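Trainee: Data: target-v4.cif, mmCIF, C-alpha atoms.
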```
data_entry
loop_
_atom_site.label_atom_id
_atom_site.label_comp_id
_atom_site.auth_asym_id
_atom_site.auth_seq_id
_atom_site.Cartn_x
_atom_site.Cartn_y
_atom_site.Cartn_z
CA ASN I 676 151.60 -32.60 -79.27
CA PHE I 677 148.18 -32.51 -80.92
CA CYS I 678 146.56 -35.94 -81.15
CA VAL I 679 145.17 -35.18 -84.62
CA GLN I 680 147.57 -32.74 -86.31
CA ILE I 681 147.99 -32.58 -90.10
CA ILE I 682 150.48 -30.39 -91.95
CA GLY I 683 150.29 -31.37 -95.61
CA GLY I 684 147.49 -33.92 -95.79
CA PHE I 685 148.15 -34.85 -99.42
CA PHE I 686 146.97 -38.43 -98.96
CA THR I 687 146.36 -40.61 -102.01
CA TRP I 688 145.31 -44.19 -102.70
CA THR I 689 147.25 -44.55 -105.95
CA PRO I 690 150.89 -45.46 -105.14
CA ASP I 691 152.18 -42.78 -107.54
CA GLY I 692 150.43 -39.42 -107.75
CA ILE I 693 146.72 -38.67 -108.14
CA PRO I 694 146.09 -37.06 -104.71
CA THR I 695 142.46 -37.57 -103.75
CA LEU I 696 142.88 -34.96 -101.00
CA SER I 697 145.42 -32.27 -100.16
CA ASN I 698 146.02 -29.03 -98.24
CA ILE I 699 144.69 -30.47 -94.98
CA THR I 700 145.60 -28.37 -91.93
CA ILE I 701 144.13 -29.33 -88.54
CA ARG I 702 145.47 -29.49 -84.99
CA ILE I 703 143.44 -31.40 -82.37
CA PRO I 704 145.18 -31.55 -78.96
CA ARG I 705 144.43 -34.02 -76.18
CA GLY I 706 141.02 -34.06 -74.54
CA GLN I 707 139.28 -32.54 -77.58
CA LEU I 708 136.02 -34.20 -78.64
CA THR I 709 136.06 -33.23 -82.33
CA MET I 710 133.28 -34.92 -84.29
CA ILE I 711 133.56 -34.78 -88.09
CA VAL I 712 130.59 -33.61 -90.17
CA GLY I 713 130.03 -32.79 -93.81
CA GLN I 714 127.92 -33.41 -96.89
CA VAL I 715 127.38 -36.78 -98.57
CA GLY I 716 130.50 -38.34 -100.08
CA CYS I 717 132.79 -35.39 -99.30
CA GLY I 718 135.85 -37.55 -98.61
CA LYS I 719 134.87 -38.13 -94.99
CA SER I 720 136.05 -41.75 -95.09
CA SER I 721 139.22 -40.85 -97.01
CA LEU I 722 140.11 -38.16 -94.47
CA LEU I 723 139.47 -40.61 -91.62
CA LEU I 724 141.67 -43.27 -93.24
CA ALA I 725 144.37 -40.67 -93.90
CA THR I 726 144.22 -39.70 -90.22
CA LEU I 727 144.77 -43.34 -89.23
CA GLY I 728 147.55 -43.69 -91.81
CA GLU I 729 146.00 -46.04 -94.37
CA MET I 730 146.43 -43.56 -97.26
CA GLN I 731 149.67 -42.70 -99.04
CA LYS I 732 150.52 -39.08 -98.28
CA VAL I 733 152.35 -37.01 -100.90
CA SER I 734 153.21 -33.64 -99.33
CA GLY I 735 154.81 -35.25 -96.28
CA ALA I 736 154.30 -36.79 -92.88
CA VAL I 737 151.63 -35.12 -90.75
CA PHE I 738 153.87 -35.70 -87.68
CA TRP I 739 152.71 -37.43 -84.50
CA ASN I 740 153.58 -37.60 -80.82
CA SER I 741 152.62 -39.72 -77.82
CA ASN I 742 149.22 -38.76 -76.43
CA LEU I 743 150.36 -38.89 -72.79
CA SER I 766 156.41 -41.60 -81.79
CA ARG I 767 152.86 -42.91 -82.20
CA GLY I 768 150.56 -44.56 -84.73
CA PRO I 769 148.42 -47.03 -82.76
CA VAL I 770 145.06 -45.22 -82.82
CA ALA I 771 141.57 -46.68 -82.44
CA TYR I 772 139.54 -46.62 -85.65
CA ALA I 773 136.44 -48.36 -86.98
CA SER I 774 135.69 -46.79 -90.39
CA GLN I 775 132.49 -47.68 -92.25
CA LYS I 776 130.55 -50.98 -92.24
CA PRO I 777 130.36 -53.36 -89.24
CA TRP I 778 133.36 -55.67 -88.84
CA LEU I 779 131.96 -58.61 -86.87
CA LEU I 780 134.02 -61.44 -85.41
CA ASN I 781 132.42 -64.76 -86.32
CA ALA I 782 132.28 -65.88 -82.68
CA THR I 783 130.21 -65.29 -79.56
CA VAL I 784 128.75 -61.81 -79.11
CA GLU I 785 130.29 -61.40 -75.65
CA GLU I 786 133.78 -62.16 -76.97
CA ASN I 787 133.11 -59.74 -79.83
CA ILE I 788 132.37 -56.95 -77.35
CA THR I 789 135.51 -57.55 -75.28
CA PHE I 790 137.86 -57.87 -78.28
CA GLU I 791 141.00 -58.94 -76.41
CA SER I 792 140.28 -56.72 -73.40
CA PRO I 793 139.94 -57.49 -69.68
CA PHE I 794 136.42 -58.42 -68.58
CA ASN I 795 134.86 -56.28 -65.85
CA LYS I 796 131.26 -56.96 -64.86
CA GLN I 797 130.59 -53.30 -64.01
CA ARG I 798 132.29 -52.09 -67.19
CA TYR I 799 130.49 -54.69 -69.32
CA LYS I 800 127.14 -53.80 -67.73
CA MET I 801 127.85 -50.09 -68.22
CA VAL I 802 128.61 -50.59 -71.92
CA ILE I 803 125.65 -52.90 -72.56
CA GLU I 804 123.44 -50.30 -70.88
CA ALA I 805 124.82 -47.55 -73.12
CA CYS I 806 124.62 -49.85 -76.15
CA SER I 807 121.13 -50.99 -75.05
CA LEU I 808 122.03 -54.53 -76.13
CA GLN I 809 119.91 -56.14 -73.40
CA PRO I 810 116.95 -56.82 -75.76
CA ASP I 811 119.33 -58.29 -78.35
CA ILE I 812 120.83 -60.79 -75.90
CA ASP I 813 117.48 -61.72 -74.34
CA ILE I 814 115.80 -62.25 -77.72
CA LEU I 815 118.48 -64.69 -78.87
CA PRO I 816 117.91 -68.17 -77.35
CA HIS I 817 121.66 -68.57 -76.76
CA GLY I 818 122.09 -65.00 -75.54
CA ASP I 819 125.39 -63.30 -76.32
CA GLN I 820 127.01 -66.69 -77.08
CA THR I 821 125.53 -66.83 -80.59
CA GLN I 822 127.92 -66.90 -83.54
CA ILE I 823 127.47 -63.27 -84.59
CA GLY I 824 128.43 -62.55 -88.19
CA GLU I 825 129.14 -64.94 -91.03
CA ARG I 826 128.66 -68.70 -90.58
CA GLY I 827 126.16 -68.10 -87.79
CA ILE I 828 123.08 -66.11 -86.79
CA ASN I 829 122.24 -63.24 -89.14
CA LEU I 830 121.06 -60.07 -87.38
CA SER I 831 119.96 -56.59 -88.41
CA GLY I 832 122.39 -54.09 -89.89
CA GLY I 833 121.66 -51.57 -87.15
CA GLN I 834 122.28 -54.18 -84.45
CA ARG I 835 125.58 -55.04 -86.14
CA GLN I 836 126.65 -51.39 -85.96
CA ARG I 837 125.69 -51.15 -82.28
CA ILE I 838 127.94 -54.11 -81.46
CA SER I 839 130.72 -52.68 -83.65
CA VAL I 840 130.73 -49.19 -82.13
CA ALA I 841 130.47 -50.57 -78.59
CA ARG I 842 133.48 -52.79 -79.28
CA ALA I 843 135.72 -49.76 -79.83
CA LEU I 844 134.27 -47.88 -76.85
CA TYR I 845 134.77 -50.81 -74.45
CA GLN I 846 138.50 -50.81 -75.28
CA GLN I 847 138.94 -47.72 -73.05
CA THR I 848 141.53 -45.94 -75.18
CA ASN I 849 142.69 -42.33 -75.14
CA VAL I 850 141.55 -41.81 -78.76
CA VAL I 851 138.35 -43.14 -80.37
CA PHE I 852 137.44 -42.85 -84.06
CA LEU I 853 133.87 -43.65 -85.14
CA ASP I 854 132.00 -43.50 -88.44
CA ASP I 855 128.21 -43.22 -88.73
CA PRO I 856 127.24 -44.39 -85.22
CA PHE I 857 123.65 -43.13 -85.45
CA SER I 858 123.34 -43.15 -89.25
CA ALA I 859 123.14 -46.95 -89.37
CA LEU I 860 120.31 -47.02 -86.81
CA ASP I 861 118.40 -43.81 -86.00
CA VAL I 862 116.37 -45.25 -83.11
CA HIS I 863 115.97 -42.52 -80.50
CA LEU I 864 116.01 -44.90 -77.53
CA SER I 865 119.26 -46.59 -78.55
CA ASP I 866 121.08 -43.47 -79.78
CA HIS I 867 120.21 -41.20 -76.85
CA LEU I 868 121.50 -43.63 -74.22
CA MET I 869 124.58 -44.28 -76.36
CA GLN I 870 125.01 -40.52 -76.79
CA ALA I 871 124.65 -40.03 -73.04
CA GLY I 872 127.06 -42.89 -72.38
CA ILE I 873 129.60 -41.61 -74.91
CA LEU I 874 129.75 -38.07 -73.51
CA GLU I 875 129.89 -39.20 -69.88
CA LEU I 876 132.55 -41.84 -70.54
CA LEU I 877 134.71 -39.41 -72.53
CA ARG I 878 134.33 -36.71 -69.87
CA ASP I 879 135.40 -39.05 -67.06
CA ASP I 880 138.35 -40.44 -69.05
CA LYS I 881 139.31 -37.04 -70.54
CA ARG I 882 140.03 -38.84 -73.81
CA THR I 883 139.81 -37.76 -77.46
CA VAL I 884 136.74 -38.67 -79.52
CA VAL I 885 136.19 -38.14 -83.25
CA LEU I 886 132.87 -39.15 -84.82
CA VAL I 887 131.83 -39.01 -88.48
CA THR I 888 128.05 -38.93 -88.81
CA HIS I 889 125.11 -37.13 -90.39
CA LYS I 890 123.05 -37.08 -87.18
CA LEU I 891 121.75 -33.58 -86.42
CA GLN I 892 120.61 -34.52 -82.90
CA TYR I 893 124.03 -33.59 -81.48
CA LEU I 894 125.53 -31.81 -84.50
CA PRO I 895 126.03 -28.57 -82.51
CA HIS I 896 127.97 -28.88 -79.28
CA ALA I 897 130.30 -26.88 -77.07
CA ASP I 898 133.07 -29.29 -78.07
CA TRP I 899 135.15 -28.84 -81.20
CA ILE I 900 133.54 -29.57 -84.57
CA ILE I 901 135.26 -30.06 -87.93
CA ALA I 902 133.52 -29.71 -91.30
CA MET I 903 134.74 -31.78 -94.25
CA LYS I 904 133.81 -30.98 -97.85
CA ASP I 905 135.47 -31.46 -101.25
CA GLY I 906 138.35 -33.38 -99.66
CA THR I 907 139.35 -30.59 -97.28
CA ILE I 908 138.45 -29.24 -93.84
CA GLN I 909 137.56 -25.58 -93.36
CA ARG I 910 138.25 -25.52 -89.61
CA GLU I 911 138.21 -27.69 -86.48
CA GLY I 912 137.17 -25.35 -83.67
CA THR I 913 134.30 -24.13 -81.53
CA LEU I 914 130.64 -24.17 -82.58
CA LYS I 915 130.77 -20.37 -82.88
CA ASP I 916 132.42 -20.89 -86.28
CA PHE I 917 129.02 -22.07 -87.54
CA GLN I 918 127.65 -18.62 -86.72
CA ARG I 919 130.86 -17.15 -88.17
CA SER I 920 130.33 -19.21 -91.32
CA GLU I 921 128.05 -17.68 -93.93
CA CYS I 922 125.73 -20.72 -93.91
CA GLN I 923 124.47 -21.90 -90.51
CA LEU I 924 124.03 -25.49 -91.70
CA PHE I 925 121.07 -24.32 -93.82
CA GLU I 926 119.35 -23.20 -90.60
CA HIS I 927 119.69 -26.76 -89.25
#
```
Take the structure from the file and write it as structure tokens.
Mentor:
Amino acid sequence: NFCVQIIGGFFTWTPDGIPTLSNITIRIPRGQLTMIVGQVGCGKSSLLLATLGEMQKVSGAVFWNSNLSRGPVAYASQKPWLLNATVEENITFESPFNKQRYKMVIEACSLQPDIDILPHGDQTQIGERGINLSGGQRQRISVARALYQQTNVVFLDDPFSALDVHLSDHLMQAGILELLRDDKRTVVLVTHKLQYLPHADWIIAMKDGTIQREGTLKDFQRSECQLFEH
């Protein structure tokens, strides 16, 4: 059925009661790039965790089915999770190594300057107990790790918010759209970047722990407020 379909959506973090969100009703079928947008702190992370299944639902199970009966779904959430090992092994993350695929990802991630600058290249101990890098560079490695996995569903949180460099984001944005189009996979991104906020693909708005709709960009015109005129 729908890759991201929610019936009740009464997820909560407290084991007993106190629902932090409820009345969630979305249905995202396969091959539907549905980025998630909203205001600051409007339960975007909680909704993303509830979608993965890390939050205790109250109303009931949102139901799931095999993309092409489920539960293994790619997800990254907030903050960079870095493996304290070599950068190259961090990128692969228990995945087969293809030179063309690795070069394609590093081109989209624009990690060539990062590897060249480091004296040991991508063999440096990235993360704790090693070489300390920039926060934006940590996010670029983190987001590229999920993308390189080549899965049918990809969940991302603040890909461009951590680093708003036009050169890095645009190539990553171009790489993300092209890779998703070729693979016909599902992509969900939570970010505050207005560079690609409107798109022909589906968009879902999250506010006050609920989602108004997850549909075409024409709903923004249908909505009373057109994102405050961008």
Trainee: Run through the PyMOL selection byres ((chain I and resi 708) around 7) on the given coordinates and return the selected residues as a ChimeraX atom specification.
Mentor: /I:706-707,709-710,883-885,898-899
Trainee: Carefully work through the PyMOL selection byres ((chain I and resi 711) around 8) for this structure and note down the residues it includes, as a list in words.
Mentor: residues 709, 710, 712, 713, 719, 885, 886, 887, 888, 900, 901, 902 and 903 of chain I
Trainee: How many Å lie between CA of residue 688 (chain I) and CA of residue 775 (chain I), rounded to one decimal?
Mentor: 16.9 Å
Trainee: With 4 Å of padding per side, what axis-aligned box (centre and edge lengths, Å, one decimal) covers all the listed atoms of region 884-887 of chain I? Give it as AutoDock Vina command-line options.
Mentor:
```
--center_x 134.3 --center_y -38.6 --center_z -84.0 --size_x 12.9 --size_y 9.0 --size_z 17.0
```
Trainee: List the residues selected by the PyMOL selection byres ((chain I and resi 822) around 9) in the file shown, writing them as a ChimeraX atom specification.
Mentor: /I:780-784,819-821,823-829
Trainee: Fewer than 6 positions away in the same chain doesn't count, so skip those; otherwise give me all residues within 12 Å of residue 880 (chain I), counting all atoms listed in the file, as a PyMOL selection string.
Mentor: chain I and resi 705-708+844+847-851+873-874
Trainee: Can you tell me, as number ranges by chain, what residues are no more than 12 Å from residue 809 (chain I) when counting all atoms listed in the file, ignoring any on the same chain fewer than 2 positions away?
Mentor: I: 784-785, 799-807, 811-815, 818-819, 834, 837-838, 865
Trainee: Please save C-alpha atoms of the selected residues as a tab-separated table (two decimals), in the coordinates of the input.
Mentor:
```
chain	number	residue	atom	x	y	z
I	784	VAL	CA	128.75	-61.81	-79.11
I	785	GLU	CA	130.29	-61.40	-75.65
I	799	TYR	CA	130.49	-54.69	-69.32
I	800	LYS	CA	127.14	-53.80	-67.73
I	801	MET	CA	127.85	-50.09	-68.22
I	802	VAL	CA	128.61	-50.59	-71.92
I	803	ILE	CA	125.65	-52.90	-72.56
I	804	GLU	CA	123.44	-50.30	-70.88
I	805	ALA	CA	124.82	-47.55	-73.12
I	806	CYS	CA	124.62	-49.85	-76.15
I	807	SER	CA	121.13	-50.99	-75.05
I	811	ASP	CA	119.33	-58.29	-78.35
I	812	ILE	CA	120.83	-60.79	-75.90
I	813	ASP	CA	117.48	-61.72	-74.34
I	814	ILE	CA	115.80	-62.25	-77.72
I	815	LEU	CA	118.48	-64.69	-78.87
I	818	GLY	CA	122.09	-65.00	-75.54
I	819	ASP	CA	125.39	-63.30	-76.32
I	834	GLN	CA	122.28	-54.18	-84.45
I	837	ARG	CA	125.69	-51.15	-82.28
I	838	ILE	CA	127.94	-54.11	-81.46
I	865	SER	CA	119.26	-46.59	-78.55
```
Trainee: Would you please work out which residue, of I:927, I:910, I:798, I:842, is nearest to residue 893 (chain I) when using all atoms listed in the file?
Mentor: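 Among the listed residues, I:927 lies closest to residue 893 (chain I).
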Trainee: Excluding residue 679 (chain I) and any residue of its chain fewer than 5 positions from it, enumerate the residues within 8 Å of it, using all atoms listed in the file, and give them as a PDB file with C-alpha atoms, in the frame of the given file.
Mentor:
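Once written, part_1.pdb looks like this:
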```pdb
ATOM      1  CA  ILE I 701     144.130 -29.330 -88.540  1.00  0.00           C
ATOM      2  CA  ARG I 702     145.470 -29.490 -84.990  1.00  0.00           C
ATOM      3  CA  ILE I 703     143.440 -31.400 -82.370  1.00  0.00           C
ATOM      4  CA  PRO I 704     145.180 -31.550 -78.960  1.00  0.00           C
ATOM      5  CA  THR I 726     144.220 -39.700 -90.220  1.00  0.00           C
ATOM      6  CA  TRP I 739     152.710 -37.430 -84.500  1.00  0.00           C
TER       7      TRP I 739
END
```
Trainee: Have a look at CA of residue 919 (chain I) and CA of residue 714 (chain I) and let me know their distance in Å, one decimal.
Mentor: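 Taking CA of residue 919 (chain I) as the start and CA of residue 714 (chain I) as the end point, the length is 18.7 Å.
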Trainee: Determine, counting all atoms listed in the file, which protein, DNA and RNA residues have an atom within 10 Å of an atom of residue 725 (chain I); residues of the same chain fewer than 5 positions away are not included. Present the result as a PyMOL selection string.
Mentor: chain I and resi 681+684-688+696+719-720+730-732+737
Trainee: Let me make sure I understand: among I:699, I:843, I:859, I:788, which one has the smallest atom-to-atom distance to residue 776 (chain I) if we use all atoms listed in the file?
Mentor: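 The shortest atom-to-atom distance to residue 776 (chain I) comes from I:859.
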Trainee: So how far away is CA of residue 689 (chain I) from CA of residue 909 (chain I), in Å?
Mentor: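 A separation of 24.7 Å between them.
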Trainee: Could you check which of I:698, I:846, I:870, I:913 is closest to residue 735 (chain I), using all atoms listed in the file?
Mentor: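 Nearest candidate to residue 735 (chain I) out of I:698, I:846, I:870, I:913: I:698.
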Trainee: For a quick check of your reading of the model, name the residues lying within 10 Å of the coordinate (144.3, -43.5, -88.1), counting all atoms listed in the file, and write them as number ranges by chain.
Mentor: I: 679, 722-730, 768-774, 850-852
Trainee: Looking at all atoms listed in the file, which of I:858, I:733, I:721, I:879 is the one that sits closest to residue 693 (chain I)?
Mentor: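 The closest residue to residue 693 (chain I) is I:733.
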Trainee: In terms of the shortest atom-to-atom distance over all atoms listed in the file, which of I:691, I:916, I:786, I:866 is closest to residue 891 (chain I)?
Mentor: I:866
